[PDB]
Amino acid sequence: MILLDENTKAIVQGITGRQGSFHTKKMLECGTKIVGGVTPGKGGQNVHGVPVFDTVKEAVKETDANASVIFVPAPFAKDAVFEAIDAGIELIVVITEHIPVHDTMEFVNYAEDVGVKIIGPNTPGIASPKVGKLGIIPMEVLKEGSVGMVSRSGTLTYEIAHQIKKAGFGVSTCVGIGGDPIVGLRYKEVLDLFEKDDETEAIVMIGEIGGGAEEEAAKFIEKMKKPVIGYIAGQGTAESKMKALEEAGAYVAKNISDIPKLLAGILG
C-alpha cells in the first residue's frame, strides 16, 4: 500500500524523447530518485546524467527500480507498460495521452491481476514534495505538508493546489488518476492509500461533472478516519456528486476559496 516514497527508485521509459528528457530534468530538480531510463538502441547513453538502457529488464537488473513513468508515444505505450509489468515493476505512471482504449484496457487488466499499480493513462502523474514526482506536475504550486490531493483533471488541480499553497498549506501526495475512460487506480484506491499514509492528515478530493467515479468513492469515504474535503468543478451532475459526498461525510467546498478555509478548521 505505497505510492511514491523514500524507497522509490524510478526509471523513465521514453527518456530520450523531447517530453521525457525535459521532464526527467524537472523530476531530478525536485529530488526524484530517477535511477535509469529506457529507449531501445540508446543503451549506454545518459540523459541529464541518468543512465539509459535498451530495455526495462536490463534497467531493473542494474538498478533495482520499483517504479516507472512512461512518456512513450501512444502507438507504443501499451508495449511499454507490458514491458514494465513483465519486469516486476510495481508502480507504473502512464503520462501518455491518446492511447487507444483497447490498448489501455489490456494493460490495466494485466496489471490489476498481477497486483501492479497503474496511474493513468492521460495523467500528469504523482507528486510528493518530500521525495519528488513521477510525471509533469508543476512543483511550483506545491510545498511539503499534510494535505493529500486526488483529482482526474489537469489545470483545475493546479489552480486548486495554488490556492492551497497560497493559504499556507502543504501537500503530502498529489495524484491524478487520469482523464481517459479506462484508467488504473481510481478515487477509492487513492483514498485507501491516503488513509494508510502517515504523511497525510486531510484529503482534498477534486472532481467534476460526468461519470460516476466520485459517486463510487463516496461509499469508501463513509468509513474513512481522515477528513475529506470535496470539490466538484462545473457547478452525473455536479449537484449529484456534491450530495453523495456530503451524505458520505465529506465536507463539500462550494467554491475553491472554501477549500483553504476548511483546511484551516481541520488542520489549524
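So that there is no doubt, residue numbering starts at 1 and follows the sequence shown.
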query: Chain break class at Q235/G236 - deposited residues not modelled; finding: 10 or more
query: Comparing 200-208 with 57-65, the one whose average Cα B-factor in the PDB entry is higher; finding: 57-65
query: Stretch with the greater mean C-alpha B-factor as recorded in the entry, comparing 158-166 against 99-107; finding: 158-166
query: Top residue by Cα temperature factor, when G31, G230, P227, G43 are compared in the entry; finding: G43
query: Within-chain third of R18 by Cα B-factor, per the entry; finding: highest
query: Modelled-residue ranking by C-alpha temperature factor, third containing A244; finding: highest
query: Relative C-alpha B-factor of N122, binned into the chain's lowest, middle or highest third; finding: lowest
query: Chain-wide C-alpha B factor ranking for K143, given as lowest, middle or highest third; finding: middle
query: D113 - which third its CA temperature factor falls in, relative to the rest of the chain; finding: lowest
